[PDB]
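Novice: Structure supplied as model03.cif; contents: mmCIF, C-alpha atoms.
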```
data_input
#
loop_
_atom_site.label_atom_id
_atom_site.label_comp_id
_atom_site.auth_asym_id
_atom_site.auth_seq_id
_atom_site.Cartn_x
_atom_site.Cartn_y
_atom_site.Cartn_z
CA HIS A 326 0.00 0.00 0.00
CA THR A 327 2.42 2.66 1.27
CA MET A 328 5.21 4.38 -0.72
CA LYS A 329 8.21 6.38 0.48
CA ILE A 330 10.14 9.27 -1.08
CA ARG A 331 13.27 10.04 0.90
CA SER A 332 12.01 10.18 4.53
CA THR A 333 8.39 11.01 3.66
CA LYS A 334 5.83 8.16 3.71
CA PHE A 335 2.70 8.40 1.48
CA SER A 336 -0.69 6.62 1.67
CA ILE A 337 -3.44 7.23 -0.87
CA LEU A 338 -6.71 7.83 0.99
CA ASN A 339 -8.77 7.94 -2.20
CA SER A 340 -8.19 8.45 -5.94
CA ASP A 341 -10.10 8.36 -9.24
CA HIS A 342 -7.56 6.02 -10.86
CA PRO A 343 -4.37 4.20 -10.07
CA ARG A 344 -1.20 6.19 -10.63
CA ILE A 345 0.08 6.20 -14.19
CA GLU A 346 3.58 6.18 -15.67
CA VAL A 347 4.63 8.75 -18.29
CA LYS A 348 7.61 7.68 -20.42
CA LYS A 349 9.17 11.06 -21.20
CA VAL A 350 11.65 11.15 -24.11
CA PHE A 351 14.37 13.79 -24.29
CA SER A 352 16.21 14.14 -27.64
CA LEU A 353 19.93 14.76 -27.52
CA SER A 354 20.19 14.65 -31.35
CA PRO A 355 18.14 13.22 -34.26
CA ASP A 356 19.21 9.65 -33.47
CA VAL A 357 20.00 9.81 -29.72
CA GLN A 358 17.37 10.03 -27.00
CA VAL A 359 16.99 9.40 -23.27
CA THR A 360 13.80 8.01 -21.78
CA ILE A 361 13.07 8.97 -18.17
CA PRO A 362 9.75 7.68 -16.84
CA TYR A 363 7.80 9.34 -14.04
CA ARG A 364 4.67 8.55 -12.06
CA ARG A 365 1.72 10.87 -11.52
CA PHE A 366 -2.03 11.05 -10.93
CA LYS A 367 -4.77 10.93 -13.55
CA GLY A 368 -7.75 12.86 -12.18
CA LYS A 369 -8.32 13.46 -8.46
CA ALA A 370 -6.50 12.08 -5.43
CA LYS A 371 -6.32 12.69 -1.68
CA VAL A 372 -3.04 11.47 -0.15
CA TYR A 373 -1.73 11.16 3.43
CA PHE A 374 1.91 12.00 4.16
CA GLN A 375 4.13 11.66 7.20
CA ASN A 376 7.70 12.70 7.94
CA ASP A 377 8.74 12.27 11.59
CA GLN A 378 6.58 14.84 13.48
CA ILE A 379 5.12 16.45 10.35
CA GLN A 380 1.98 15.00 8.80
CA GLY A 381 -1.07 15.89 6.81
CA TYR A 382 -2.74 15.30 3.49
CA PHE A 383 -2.86 16.94 0.08
CA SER A 384 -5.53 16.91 -2.61
CA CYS A 385 -4.64 17.17 -6.29
CA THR A 386 -6.11 17.09 -9.79
CA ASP A 387 -3.68 15.65 -12.35
CA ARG A 388 -0.37 17.58 -11.88
CA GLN A 389 -1.85 20.47 -9.82
CA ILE A 390 -1.91 20.58 -6.02
CA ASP A 391 -5.34 21.86 -4.92
CA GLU A 392 -4.81 22.00 -1.14
CA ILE A 393 -2.40 20.88 1.57
CA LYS A 394 -3.40 20.48 5.23
CA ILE A 395 -0.58 20.12 7.75
CA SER A 396 0.13 19.47 11.42
CA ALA A 397 3.68 20.37 12.45
CA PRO A 398 5.67 21.96 15.27
CA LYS A 399 5.65 25.76 15.39
CA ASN A 400 8.61 27.07 13.29
CA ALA A 401 9.24 23.67 11.66
CA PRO A 402 11.12 23.89 8.33
CA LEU A 403 8.82 22.14 5.85
CA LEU A 404 11.03 22.38 2.70
CA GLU A 405 12.06 18.68 2.77
CA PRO A 406 8.64 16.98 2.97
CA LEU A 407 7.12 19.60 0.67
CA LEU A 408 9.70 18.70 -2.03
CA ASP A 409 8.95 15.00 -1.42
CA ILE A 410 5.22 15.73 -2.05
CA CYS A 411 6.18 17.69 -5.17
CA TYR A 412 8.24 14.76 -6.45
CA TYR A 413 5.51 12.20 -5.70
CA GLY A 414 2.94 14.05 -7.85
CA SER A 415 5.35 15.44 -10.51
CA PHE A 416 3.93 18.80 -9.42
CA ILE A 417 6.89 21.13 -10.14
CA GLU A 418 9.53 21.56 -12.86
CA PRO A 419 12.29 21.00 -13.64
CA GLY A 420 12.56 17.26 -13.16
CA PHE A 421 9.73 15.71 -15.24
CA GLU A 422 8.99 17.36 -18.60
CA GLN A 423 11.87 19.91 -18.26
CA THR A 424 15.60 19.31 -17.79
CA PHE A 425 17.94 21.16 -15.43
CA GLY A 426 19.74 22.99 -18.30
CA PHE A 427 21.81 20.04 -19.53
CA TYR A 428 20.87 16.62 -20.91
CA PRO A 429 20.15 14.02 -18.23
CA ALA A 430 21.69 10.55 -18.45
CA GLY A 431 18.81 8.72 -16.75
CA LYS A 432 16.41 8.61 -13.79
CA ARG A 433 18.95 8.27 -10.94
CA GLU A 434 20.67 11.48 -12.03
CA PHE A 435 17.37 13.26 -12.69
CA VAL A 436 16.09 12.49 -9.15
CA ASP A 437 19.33 13.74 -7.53
CA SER A 438 19.14 16.90 -9.65
CA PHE A 439 15.52 17.52 -8.56
CA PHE A 440 16.36 17.49 -4.86
CA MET A 441 19.59 19.52 -5.23
CA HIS A 442 17.99 22.19 -7.42
CA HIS A 443 14.72 22.73 -5.58
CA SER A 444 16.36 22.60 -2.15
CA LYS A 445 18.73 25.41 -3.18
CA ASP A 446 15.83 27.42 -4.63
CA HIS A 447 12.19 26.39 -4.09
CA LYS A 448 10.51 29.20 -6.04
CA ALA A 449 8.82 26.71 -8.39
CA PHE A 450 6.67 25.54 -5.43
CA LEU A 451 5.66 29.13 -4.63
CA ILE A 452 4.72 29.71 -8.27
CA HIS A 453 2.75 26.40 -8.37
CA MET A 454 0.61 27.30 -5.35
CA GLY A 455 0.61 31.07 -5.60
CA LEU A 456 1.26 33.61 -2.83
CA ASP A 457 -1.49 35.19 -0.72
CA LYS A 458 -2.00 38.53 1.08
CA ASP A 459 -3.97 36.71 3.79
CA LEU A 460 -1.44 36.65 6.63
CA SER A 461 -3.66 34.37 8.76
CA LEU A 462 -2.40 31.48 6.57
CA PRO A 463 0.29 29.34 8.24
CA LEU A 464 3.05 28.73 5.64
CA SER A 465 5.67 31.42 5.03
CA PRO A 466 7.41 31.77 1.62
CA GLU A 467 10.56 30.23 3.17
CA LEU A 468 8.31 27.25 3.99
CA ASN A 469 8.59 27.55 7.75
CA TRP A 470 5.47 26.61 9.70
CA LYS A 471 3.73 29.57 11.38
CA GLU A 472 6.62 31.98 10.59
CA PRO A 473 5.53 35.60 10.13
CA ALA A 474 5.86 37.09 6.60
CA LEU A 475 4.34 39.68 4.22
CA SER A 476 2.80 36.90 2.12
CA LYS A 477 1.83 33.28 2.66
CA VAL A 478 1.58 30.17 0.48
CA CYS A 479 -1.92 29.82 -1.02
CA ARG A 480 -4.14 26.88 -0.06
CA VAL A 481 -1.88 25.47 2.65
CA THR A 482 -3.78 25.34 5.99
CA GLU A 483 -3.70 23.63 9.37
CA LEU A 484 -5.40 20.28 9.76
CA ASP A 485 -8.96 20.49 11.02
#
```
Show me this structure written as structure tokens.
Specialist:
Amino acid sequence: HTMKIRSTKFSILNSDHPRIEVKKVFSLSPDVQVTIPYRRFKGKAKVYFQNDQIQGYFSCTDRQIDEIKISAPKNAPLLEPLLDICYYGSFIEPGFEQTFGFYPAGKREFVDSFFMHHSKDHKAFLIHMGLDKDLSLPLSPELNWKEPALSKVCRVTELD
């Protein structure tokens, strides 16, 4: 049932369809290509996640996150599990349909690149969700839980 990405555990609570594999082909030249498959959702899904003392669920439609609900310690840095969620759904680029600015050799490399790149700069997550003027929302743009800021990550709230 359960899957793991790095230290984050995932359990699908419900979903329209089983997860699908996309076999993405990158062309290096007319007669040389690299195929790097990735998994994603077709239609709707609601998925539980857990990483040590952080947990919650997200809802998505295809490759768009619709909401995330979280329980975590005050001031917890949520970058790591949030990138694990992003990987699990193929929610942000680069790393799925887009390369990191050079041709990838295969999946192992492409996964390592994803976590290096987006850990150094996670702006793709902020762009995916959007930023909100509603300062009552819990997630700061640096992805720290309940940190004050002049904007907050859209559609990320505390668990009921």
Novice: Quick one: apply the PyMOL selection byres ((chain A and resi 372-375) around 10) to the file and drop the selected residues here as number ranges by chain.
Specialist: A: 327-329, 332-340, 370-371, 376-385, 393-396, 406-407, 409-410
Novice: Which residue, A:461, A:411, A:466, A:341, has the smallest gap to residue 440 in chain A when you use all atoms listed in the file?
Specialist: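 Comparing A:461, A:411, A:466, A:341 against residue 440 in chain A, the winner is A:411.
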Novice: Which residues, named as in the file, does the PyMOL selection byres ((chain A and resi 468-476) around 8) pick out? Answer as a PyMOL selection string.
Specialist: chain A and resi 397-404+456-460+463-467+477-478
Novice: Quick one: of A:447, A:386, A:359, A:392, who's nearest to residue 435 in chain A, counting all atoms listed in the file?
Specialist: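 Checking each candidate against residue 435 in chain A, we get A:359 as the closest.
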Novice: Have a look at A:387, A:415, A:445, A:343 and name the one nearest to residue 363 in chain A; count only C-alpha atoms.
Specialist: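 Result for the nearest residue to residue 363 in chain A: A:415.
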Novice: Which residue, A:390, A:330, A:417, A:357, has the smallest gap to residue 450 in chain A when you use all atoms listed in the file?
Specialist: A:417
Novice: Could you state the separation of CA of residue 405 in chain A and CA of residue 446 in chain A in Å, given to one decimal place?
Specialist: 12.1 Å
Novice: Point out the residue among A:424, A:453, A:433, A:483 with the least atom-to-atom distance to residue 388 in chain A, counting all atoms listed in the file.
Specialist: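 Ranking A:424, A:453, A:433, A:483 by distance to residue 388 in chain A, first place goes to A:453.
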Novice: Please output range 457-474 of chain A, rebuilt to include N, CA and C atoms, as a short mmCIF file (atom, residue, chain, number, x, y, z; two decimals), in the frame of the given file.
Specialist:
```cif
data_model
loop_
_atom_site.label_atom_id
_atom_site.label_comp_id
_atom_site.auth_asym_id
_atom_site.auth_seq_id
_atom_site.Cartn_x
_atom_site.Cartn_y
_atom_site.Cartn_z
N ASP A 457 -0.24 34.62 -1.20
CA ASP A 457 -1.49 35.19 -0.72
C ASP A 457 -1.22 36.35 0.24
N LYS A 458 -2.07 37.37 0.18
CA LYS A 458 -2.00 38.53 1.08
C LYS A 458 -2.60 38.23 2.45
N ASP A 459 -3.33 37.12 2.54
CA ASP A 459 -3.97 36.71 3.79
C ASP A 459 -2.95 36.15 4.78
N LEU A 460 -2.53 37.00 5.71
CA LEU A 460 -1.44 36.65 6.63
C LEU A 460 -1.89 35.71 7.76
N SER A 461 -3.18 35.39 7.82
CA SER A 461 -3.66 34.37 8.76
C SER A 461 -3.25 32.96 8.33
N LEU A 462 -2.83 32.80 7.07
CA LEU A 462 -2.40 31.48 6.57
C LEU A 462 -1.08 31.08 7.20
N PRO A 463 -0.85 29.77 7.43
CA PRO A 463 0.29 29.34 8.24
C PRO A 463 1.68 29.24 7.59
N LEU A 464 1.76 29.07 6.26
CA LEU A 464 3.05 28.73 5.64
C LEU A 464 3.73 29.94 5.01
N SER A 465 4.90 30.30 5.54
CA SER A 465 5.67 31.42 5.03
C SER A 465 6.32 31.05 3.69
N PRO A 466 6.73 32.05 2.91
CA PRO A 466 7.41 31.77 1.62
C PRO A 466 8.74 31.02 1.76
N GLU A 467 9.38 31.07 2.93
CA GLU A 467 10.56 30.23 3.17
C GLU A 467 10.18 28.83 3.64
N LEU A 468 8.88 28.55 3.69
CA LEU A 468 8.31 27.25 3.99
C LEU A 468 8.53 26.83 5.43
N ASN A 469 8.53 27.82 6.31
CA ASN A 469 8.59 27.55 7.75
C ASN A 469 7.19 27.67 8.33
N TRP A 470 6.83 26.72 9.17
CA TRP A 470 5.47 26.61 9.70
C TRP A 470 5.19 27.67 10.74
N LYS A 471 4.18 28.50 10.48
CA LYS A 471 3.73 29.57 11.38
C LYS A 471 4.74 30.73 11.55
N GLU A 472 5.67 30.86 10.61
CA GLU A 472 6.62 31.98 10.59
C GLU A 472 5.93 33.23 10.05
N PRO A 473 6.13 34.39 10.69
CA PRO A 473 5.53 35.60 10.13
C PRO A 473 6.15 36.01 8.78
N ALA A 474 5.36 36.63 7.91
CA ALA A 474 5.86 37.09 6.60
C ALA A 474 4.85 38.05 5.99
#
```
